[PDB]
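Each chain, letter by letter, is given below.
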Amino acid sequence: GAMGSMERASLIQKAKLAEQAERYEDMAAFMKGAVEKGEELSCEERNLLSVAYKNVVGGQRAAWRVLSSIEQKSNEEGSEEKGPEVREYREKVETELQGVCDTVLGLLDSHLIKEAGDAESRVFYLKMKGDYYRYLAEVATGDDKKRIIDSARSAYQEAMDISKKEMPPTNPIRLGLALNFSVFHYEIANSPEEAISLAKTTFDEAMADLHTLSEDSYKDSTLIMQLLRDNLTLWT
Amino acid sequence: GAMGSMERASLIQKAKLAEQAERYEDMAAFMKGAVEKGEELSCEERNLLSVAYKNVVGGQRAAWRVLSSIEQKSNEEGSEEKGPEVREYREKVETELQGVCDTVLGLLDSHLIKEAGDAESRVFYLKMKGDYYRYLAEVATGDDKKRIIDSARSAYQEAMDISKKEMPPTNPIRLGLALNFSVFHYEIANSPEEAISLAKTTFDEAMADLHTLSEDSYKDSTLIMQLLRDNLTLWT
Amino acid sequence: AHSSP
Amino acid sequence: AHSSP
Ligand SMILES: [Cl-]
Ligand SMILES: [Cl-]
Ligand SMILES: [Cl-]
Ligand SMILES: [Cl-]
Ligand SMILES: [Mg+2]
Ligand SMILES: [Mg+2]
Ligand code: NA
Ligand code: NA
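The PDB entry annotates chain A as 14-3-3 protein sigma of Homo sapiens. In its Sequence similarities section, UniProt records this for chain A: "Belongs to the 14-3-3 family."

Quick look at the structure:
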């Protein structure tokens, strides 16, 4: 790998510089190099990995949605034929997006998840696994769509089971997991009632635990609770 | 080249899709492919080429400035030594930026400028040549800094001479050229008085010609005049 | 819908 | 300073 010659600490340092410079592709490449050193990641390092790939795939997803919208309009009645170019370019972006998701899933499978024993690391990685299968599901249309959806579901479910046993209801990882699993239910699994129920129960159980928190932890938890509330307002 | 197998019209079509998707690296690659077909570019096609590379290099320049600022702070008295990583990563971004500028300059030299006979095409390309040498000058620190600065100056000057002979003072290409040459004087050539004089004369001569314009042309010209005014307000 | 930023 | 956008 192109980062094989760089020290682990230098890769982490450069990932932080890349973030400051908004160079998210570089940041992801540095963090991939750091993971491939084979040591477990600290909490801060896990968050750098996540930020890097979330920003890369986020740009790809936004571009894919623009292109898919254009393609769908081209397929309406009365639309002038423009040739294969819209489909081709949507496919190009789609293939790049799938490659990034496969890269992340590959890091998780070789070998982040299997070495993650603490709840905070294991839930973090399983949530990531659910998220990147969810991004694959957003673009899937073929024989494997059901299996991709079930892979996302299974990863989220394992993360949920651990988080409910091992973490308080206000823990930000637990909250973000529940938020994303609720989005999965609504947008991927055609289960809006499940999405709504999960968001409401998550919000209410976190509300009841806020009294145990410091001011700083309260701020962290309430920020994510507000996203649950925003979704509930959209969905109801 | 990777675009050698794609039709010229398909490259242009995909450049427009890439713009809509904010995929500026793709857009630039498509437009490079279109230029390499060897035909002259229409006005719309020149503007697609410019938008694509301006957005790519703009992101690189913004990242370079972030990294250079960090590097400069690391070199102050009392700053803790952090190793070679900041310099290395600034150099990486710098080298990529220089590569993009060299790519654009290469397209201009092979063979856009030599085939551009109309004032609107020739001034457009010479302005681009000045701009990309200016971006090289922003990062230059060695034996060739003076020659890079003089290359930018020479390109801008030739564009200015043609524009003043062949275009009205409100023409948006002429206005944007003068705007950028004024920025060159202020930021690159250590000539703030020249920058101010050029911006003021350009603004005043455009003001005096607005009465000849349609409503739509008036809007186009006044938008760029406002940038001249904004710079004058910053500089005086 | 909003996911984790 | 502002250049051409
Ligand atoms: Cl394509
Ligand atoms: Cl479901
Ligand atoms: Cl580097
Ligand atoms: Cl000067
Ligand atoms: Mg615990
Ligand atoms: Mg004329
Ligand atoms: Na076509
Ligand atoms: Na270091």
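Picking up where we left off.
Okay, the interface of chain B and chain A next. In this complex, chain B contributes 23 residues to the contact, which on the side of chain A involves 23 residues. In this assembly, chain B and chain A are joined by four salt bridges. Linking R23(A) and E96(B) is a salt bridge whose minimum nitrogen-to-oxygen distance equals 2.9 Å. Counting the contacts that link chain B with chain A gives eight residue pairs in polar contact. Put simply, the parts of the chain that give the side of chain B that touches chain A at least two residues each are α1 (8–20), α2 (24–35), α3 (43–74) and α4 (85–115) of chain B. Counting residues per element, the side of chain B that touches chain A draws most heavily on α4(B), at seven residues. Within the side of chain B that touches chain A, the residues separate by chemical class into eleven nonpolar, four polar and eight charged.

For the rest of this paragraph, the subject is the pattern of salt bridges. Between side chains of opposite charge, pairing is possible as soon as their charged atoms come close. Residue and element names in this part refer to chain B. Scanning the entire structure with this criterion turns up 34 salt bridges over all chains. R87 is paired through a salt bridge with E91; the nearest N and O atoms lie 3.2 Å apart. Of this pair, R87 and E91 are both found in helix α4, four residues apart, which corresponds to roughly one turn of the helix. According to the relative accessible area criterion, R87 is partly exposed, its value standing at 37%. Exposure remark for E91: the relative accessible area of 31% places this residue in the partly exposed category.

With that settled, consider the coordination of the sodium ion (ligand 7). When a metal carries six donors in an octahedron, the ideal angles between them are 90 or 180 degrees, while four donors in a tetrahedron ideally lie at 109.5 degrees. Every protein donor of the sodium ion (ligand 7) is listed here as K82(A) (O), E85(A) (OE), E85(A) (OE) and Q13(B) (OE1), and their distances to the metal cover 2.3 to 2.9 Å. Of this pair, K82(A) sits in the loop between α3 (43–74) and α4 (85–115) while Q13(B) sits in helix α1, placing the two residues on different chains. Judged by its relative accessible area of 54%, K82(A) falls in the exposed class.

Moving on: the relation of the copies chain B and chain A. For the pair chain B and chain A, the superposition axis carries a translation of 0.0 Å, the fit reaches an RMSD of 0.0 Å, and the rotation angle comes to 180°. When the rotation and shift are considered jointly, the pair of chain copies conforms to a two-fold rotation axis. The C-alpha atom lying nearest the rotation axis in chain B is that of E25(B); the distance is 6.2 Å. Interface overlap between copies: 100% of the residues of chain B at the interface are likewise at the interface in chain A, consistent with a symmetric, same-surface contact.

The protein chains that touch form three pairs of chains, and the pair with the most contacts between them is chains A and B. Chain A makes no contact with chain D; the smallest distance between any of their C-alpha atoms is 20 Å. With no contact between them, chain C and chain D keep their nearest C-alpha atoms 29 Å apart.

The partner chain A presents 13 residues to the five residues of chain C that form the contact. Carbon and sulfur atoms make up 52% of the surface buried where chain C meets chain A, a total of about 710 Å² over both sides. In terms of surface lost to chain A, no three residues of chain C exceed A1(C), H2(C) and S4(C), which account for 71% of the buried area on that side. Taken together, chain C and chain A are joined by zero salt bridges.

Residue and element names in this part refer to chain A. Side chains of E39, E40, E115, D118, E120 and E166 sit close together on the surface and give a patch of like negative charge. With respect to the helices, strands and loops of the structure, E39 is situated in the loop between α2 (24–35) and α3. The exposure class of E39 is exposed, given its relative accessible area of 53%.

Residue and element names in this part refer to chain A. Here the structure, examined in full by the defined rule, presents 14 aromatic pairs over all chains. For the ring pair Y132 and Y135, a centre distance of 5.0 Å and an interplane angle of 80° mean the geometry is edge-to-face. Of the two residues, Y132 and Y135 are both situated in helix α5 (residues 119–139); the distance of three residues between them amounts to about one turn of the helix. Judged by its relative accessible area of 3%, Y132 is buried.

Our focus in this paragraph is the side chain of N171(B). Residue and element names in this part refer to chain B. Relative to the elements of secondary structure, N171 occurs in the loop between α6 (145–166) and α7 (172–187). A polar contact is formed between the side chain of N171 and the backbone nitrogen of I173, at a distance of 2.8 Å. In terms of polar contacts, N171 uses its side chain to reach the backbone amide nitrogen of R174, at 3.1 Å.

Next up on the list: the packing of α3(B) against helix α5 (residues 119–139) of chain B. All names here are of chain B. Two elements in contact, α3 and α5, have axes separated by 12 Å at closest approach and are oriented at 10°. As summarised for this structure, α3 and α5 are arranged roughly parallel, according to the angle between their axes. Across the interface between the two elements, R46, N47, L49, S50, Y53, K54, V57, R61 and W64 of α3 pack against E120, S121, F124, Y125, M128, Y132, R134, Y135, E138 and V139 of α5. The class makeup of the residues in the contact of α3 with α5 is ten nonpolar, three polar and six charged.

Calculation notes
Residues numbered from 1 in each chain as written, not as in the entry; some residues may be left out. Chains lettered and ligands numbered in written order. Heavy atoms only, no water. UniProt positions renumbered as here; feature names shortened; annotations may be inferred. Contact = heavy atoms within 4.5 Å. Salt bridge = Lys/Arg side-chain N within 4 Å of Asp/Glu carboxyl O. Polar contact = N/O pair within 3.5 Å; in protein donor to acceptor, adjacent residues only side chain to side chain. Helix = DSSP H or I, 4+ residues; strand = E, 2+ residues; numbered from the N terminus. Nonpolar A, V, L, I, M, F, W, Y, C, P; charged D, E, K, R; others polar. Buried < 20%, exposed > 50% of the residue type's maximum accessible area, 1.4 Å probe, protein only. Donors = N, O, S within 2.8 Å, 3.2 Å for Na, K, Ca; no water. Least-squares fit on C-alpha atoms. Buried area = accessible area lost by both parts, 1.4 Å probe. Patch = residues over 30% accessible without salt bridge, like charges linked within 9 Å, V, L, I, M, F, W, Y side chains within 5 Å. Areas by Shrake-Rupley, 256 points an atom, 1.4 Å probe, with all protein chains shown as cover. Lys, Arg positive; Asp, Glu negative; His and termini not counted. Charge placed at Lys NZ, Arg CZ, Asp CG, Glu CD. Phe/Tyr/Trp six-rings, centres within 6.5 Å; stacked < 30°, edge-to-face > 60°. Axes fitted to C-alpha atoms, helices over the stretch in contact; angles between N-to-C directions. Parallel < 35°, antiparallel > 145°, perpendicular 65-115°, else oblique.

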